[PDB]
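A.B. asks: let me start by giving you these chains from the complex, positioned as in the assembled structure:
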Amino acid sequence: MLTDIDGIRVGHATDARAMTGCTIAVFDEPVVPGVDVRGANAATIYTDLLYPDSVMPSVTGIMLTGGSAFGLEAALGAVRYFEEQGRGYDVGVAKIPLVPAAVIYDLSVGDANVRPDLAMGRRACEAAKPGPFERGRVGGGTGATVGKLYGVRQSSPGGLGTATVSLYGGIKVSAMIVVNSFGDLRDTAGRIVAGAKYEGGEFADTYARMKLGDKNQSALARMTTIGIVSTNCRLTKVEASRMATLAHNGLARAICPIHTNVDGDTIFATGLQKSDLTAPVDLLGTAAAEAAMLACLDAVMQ
């Protein structure tokens, strides 16, 4: 539950008929951000200020949205909302809020022509609250599918999931993940729980089929899992980027194949600018991986 971390609120905007939506994490306490875009097919906005050799931005929130490339419009909707509320870096003549965002492709279920837009991004910020939030096919996970080797008709439902890992000394690492993976999702035993299905109804085992020579028939094939991991420790920008990089290891333990040519897999990481809690980044990063992994499964047990 991402809101276990100080100052985070989460809001969803959900169109259950068109099967799309977006989710925003809002930071009421200032954060230190990092990112790792590992997939080969990612569409993002504002990620350049999240790298260690950039200046320290003032991140107001981070968005996970449907709509493929079109859905980054909802991030501008969020930016507009926040400017109206008086948030963002103060340059005197204005305040400049920043809402980095990544997308999933969800156009092949429900309505292809409805995507998160300026109004829907604003709706998600209006809805943002503390405490527990809904999981499953909601917000950015509303049109998420898993296992697309034979196209979306043989896929399983994906969704939005969350988990919190507790370490010593009051330290927490939480994740919120939207699973729309090309590959199959397995539990900690190694059982397929969501994935491409044969016509006859059983899980096909995407990786086993591809080794035999079955060809990727997904819509993007001719040329995603996205999330946020957050901790109540203090980080530097370098550590936040290292944390985001290690979190991908969690994804690799749950999803196979991962980081393919149709996947836009992206992890955002945050720590708090003011906090007395510190810990080695290699441990935080390992916990981030575990939380990310657990969140992937949470997504499909709703």
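C.D. replies: Yep, that arrived. Numbers count the residues shown, from 1 in each chain, chains lettered A, B, ... in the order given.

A.B. asks: how about the helices in the stretch 201-302 of chain A?
C.D. replies: Per DSSP state H, counting those that start in this stretch, the stretch 201-302 of chain A carries helices over the ranges A:206-212, A:237-254, A:281-300.

A.B. asks: rebuild these as a markdown table, extending it with mean neighbour count and distance to residue A:17.
C.D. replies: C-beta here means a position set from N, CA and C on the backbone, and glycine is covered the same way. As requested, the helices of the stretch 201-302 of chain A are exported to a markdown table (neighbours: other C-beta atoms under 10 Å; distance: least, C-beta to C-beta, whole Å):
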| stretch | mean neighbour count | distance to residue A:17 |
| --- | --- | --- |
| helix A:206-212 | 15 | 29 |
| helix A:237-254 | 23 | 30 |
| helix A:281-300 | 24 | 21 |
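
A.B. asks: in TSV: those, plus distance to residue A:186.
C.D. replies: Below are those laid out as TSV (distance: least, C-beta to C-beta, whole Å):
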stretch	distance to residue A:186
helix A:206-212	10
helix A:237-254	6
helix A:281-300	9
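
A.B. asks: which among those is found nearest to residue A:196?
C.D. replies: Residue A:196 lies closest to helix A:206-212 among these, at 4.9 Å (C-beta to C-beta).

A.B. asks: tell me what that closest one is packed against?
C.D. replies: Judged by 3 or more C-beta pairs under 8 Å, 6 or more residues apart in numbering; DSSP states H and E, helix A:206-212 is in contact with no other helix or strand.

A.B. asks: chain center to that helix, what's the gap?
C.D. replies: Put simply, helix A:206-212 sits 26 Å off its chain's centre (C-alpha atoms, centre = their mean, to the nearest Å).

A.B. asks: can I get it in PDB, CA atoms only?
C.D. replies: Only the C-alpha atoms of helix A:206-212 are listed here, as PDB (Å, rounded to 0.1, in the frame of the first residue of the first chain):
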ATOM      1  CA  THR A 206       4.800 -17.900 -23.400                       C
ATOM      2  CA  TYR A 207       8.500 -18.600 -23.100                       C
ATOM      3  CA  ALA A 208       8.300 -22.300 -23.900                       C
ATOM      4  CA  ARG A 209       6.200 -21.500 -27.000                       C
ATOM      5  CA  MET A 210       8.600 -18.900 -28.200                       C
ATOM      6  CA  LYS A 211      11.500 -21.300 -27.900                       C
ATOM      7  CA  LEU A 212       9.500 -23.700 -30.100                       C
END
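
A.B. asks: what residues does that helix touch?
C.D. replies: Helix A:206-212 has contacts (C-beta atoms under 8 Å, 6 or more residues apart in numbering) with A:147, A:149, A:182-184, A:195-196, A:216, A:256-257.

A.B. asks: kindly recompute the last result at 6 Å.
C.D. replies: A:149, A:183-184, A:196, A:256-257 (C-beta atoms under 6 Å, 6 or more residues apart in numbering).

A.B. asks: out of the helices of the stretch 201-302 of chain A, which is closest to residue A:13?
C.D. replies: Of the helices of the stretch 201-302 of chain A, nearest to residue A:13 by C-beta to C-beta is helix A:281-300, at 17.8 Å.

A.B. asks: which one of the contacts of helix A:206-212 sits closest to residue A:75?
C.D. replies: So of the contacts of helix A:206-212, ranked by how close each gets to residue A:75 (C-beta to C-beta), first place is residue A:183, at 26.4 Å.

A.B. asks: ok, back up a step: how about the contacts of helix A:206-212 in TSV, adding distance to residue A:287?
C.D. replies: Listed next are these as TSV, based on distance: C-beta to C-beta, whole Å:
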residue	distance to residue A:287
A:149	32
A:183	23
A:184	25
A:196	31
A:256	22
A:257	25
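
A.B. asks: isn't there a strand covering residue A:63?
C.D. replies: Yes. Counting by DSSP: H, G, I helix; E, B strand; the rest coil, residue A:63 is part of a strand.

A.B. asks: that one: how many residues sit nearby?
C.D. replies: Other residues within reach of residue A:63, judged by other C-beta atoms under 10 Å, total 33.

A.B. asks: could you also fit chain B onto it:
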Amino acid sequence: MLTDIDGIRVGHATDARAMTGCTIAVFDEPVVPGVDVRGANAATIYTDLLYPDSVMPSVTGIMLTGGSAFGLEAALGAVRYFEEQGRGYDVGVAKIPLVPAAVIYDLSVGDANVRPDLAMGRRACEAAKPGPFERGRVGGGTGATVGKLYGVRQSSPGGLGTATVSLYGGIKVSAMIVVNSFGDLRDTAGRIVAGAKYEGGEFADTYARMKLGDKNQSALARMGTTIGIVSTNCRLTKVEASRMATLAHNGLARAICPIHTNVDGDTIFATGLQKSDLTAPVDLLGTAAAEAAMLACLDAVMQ
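C.D. replies: Placed with the earlier chains, chain B looks like this:
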């Protein structure tokens, strides 16, 4: 003149009252793209698909916009236009266009509250045409300023410039650049042509003043831009397009000082053609792109 390259059209949208705008380069022939974000303060969209280890996107156009972070909304305006015209990667249920973009900060001149938005991005696309285009304080360069050590009040005007370098065999490399640089711009001699000014109008020499201890008083200085497109009519791979973008920054370094600072969002996009008979070593193309970018920086402030 960026439109000297096969298949490129350029359109501006200009708000001369608010002092902001955007410029789009539209690709009627399929391109191979690359990018190098070198500044420490860049705001961009869609750049991940432009790296060598990403899949080959279908880039419909690239936009240079004002408006700081808010201006990337014009890029989504362009995306909507192109979808309606039937351009973009065909996914069966839809076509998905892509319009990578980078911004300058122009909110400290004219009106801070007007920025390129969905409609302004659409206006630039509608206006996109072949042949010669206007330069100076137009389009993405409308609210551009140069030399902000002492704030925008003592700066010089920036703008949007372009240049073509001809090599052997019909090979061309062209550049289009929006100069909004923190630093001063110098000619090949090392004379200052645009830069931070003392109150009475003489050039202060930004770098000389900083070495003596004058402190950055620009709006963005408390957190601790030149943007452009270089294009060639040669066929490139994705690796070569990114190498071209990386080398092109060298041209910026020859013209602008300081460059790549903590208040600069310096970003160069590079394109080559997917279909062309023309090839050449990327290190030579890269050097010509540097020269083109340098000449375009100067064009921006003489027009």
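
A.B. asks: repeat for the contacts of helix A:206-212, accounting for chain B.
C.D. replies: Helix A:206-212 is contacted by residues A:149, A:183-184, A:196, A:256-257 when judged by C-beta atoms under 6 Å, 6 or more residues apart in numbering or on different chains.

A.B. asks: ok, the residues you listed vs chain B, which is closest?
C.D. replies: Nearest to chain B among the contacts of helix A:206-212, counting by C-beta to the nearest C-beta, is residue A:257 at 14.9 Å.

A.B. asks: quick one, what contacts residue A:195?
C.D. replies: Contacts of residue A:195 by C-beta under 6 Å, 6+ apart are A:147, A:156, A:184, A:203.

A.B. asks: once you drop chain neighbours, what's closest to it?
C.D. replies: By the measure of C-beta to C-beta, 6 or more residues apart in numbering or on different chains, the closest residue to residue A:195 outside its immediate chain neighbours is residue A:184, 3.0 Å from it.

A.B. asks: phi, psi of the nearest residue to residue A:248 once chain neighbours are set aside?
C.D. replies: Computed as C-beta to C-beta, 6+ apart, the closest residue to residue A:248 that is not its neighbour in sequence is residue A:38, at 5.3 Å. Taking degrees, to the nearest 10, you get phi -110, psi -30 for the backbone angles of residue A:38.

A.B. asks: what is the burial count for residue A:38?
C.D. replies: 21 (other C-beta atoms under 10 Å in any protein chain shown).

A.B. asks: wait, is residue A:9 part of a helix?
C.D. replies: No. Membership of residue A:9 in a helix is not supported by three-state DSSP, which gives strand.

A.B. asks: hmm, back to that, okay but the residue nearest to residue A:195 is in contact with residue A:148, surely?
C.D. replies: No. Using C-beta atoms under 6 Å, residue A:184 is not in contact with residue A:148; the gap is 10.0 Å.

A.B. asks: neighbour count for these two, which is higher?
C.D. replies: For residue A:184 versus residue A:148, neighbours defined as other C-beta under 10 Å are more numerous around residue A:148 (29 against 26).

A.B. asks: now the more buried one: closest residue in space that isn't a chain neighbour?
C.D. replies: Once flanking residues are discounted, residue A:148 sits nearest to residue A:218: 4.0 Å by C-beta to C-beta, 6+ apart.

A.B. asks: just residue A:185 next, same as before
C.D. replies: Nearest non-adjacent residue to residue A:185 (C-beta to C-beta, 6+ apart): residue A:194, at 4.5 Å.

A.B. asks: which SS state does residue A:124 fall under?
C.D. replies: helix.

A.B. asks: related to what we said a few turns ago, reformat the contacts of residue A:195 as CSV; add secondary structure.
C.D. replies: Formatted as CSV, the contacts of residue A:195 follow (three-state DSSP):
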residue, secondary structure
A:147, coil
A:156, strand
A:184, strand
A:203, strand
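
A.B. asks: for those, which one is nearest residue A:251?
C.D. replies: residue A:184 (12.7 Å).

A.B. asks: partner residues bridging the closest one?
C.D. replies: residue A:256 (DSSP bridges).

A.B. asks: so who does it touch?
C.D. replies: So residue A:184 contacts A:147, A:192, A:195, A:206 (C-beta under 6 Å, 6+ apart).

A.B. asks: same check, this time on residue A:226
C.D. replies: For residue A:226, the contact set (C-beta under 6 Å, 6+ apart) comprises A:64, A:102, A:178, A:266.

A.B. asks: mind running it again at 8 Å?
C.D. replies: Residue A:226 sits next to A:64, A:102-104, A:140, A:177-178, A:180, A:264-267 when contact means C-beta atoms under 8 Å, 6 or more residues apart in numbering or on different chains.

A.B. asks: then residue A:237?
C.D. replies: A:32-34, A:51-52, A:54, A:56.

A.B. asks: for it, give its distance to chain B.
C.D. replies: 11 Å (C-beta to the nearest C-beta, to the nearest Å).

A.B. asks: what about that residue, distance to residue B:27?
C.D. replies: 35 Å (C-beta to C-beta, to the nearest Å).

A.B. asks: residue A:161 now?
C.D. replies: 39 Å.

A.B. asks: do the same with residue A:22
C.D. replies: Note on residue A:22: its distance to residue B:27, by C-beta to C-beta, is 29 Å.
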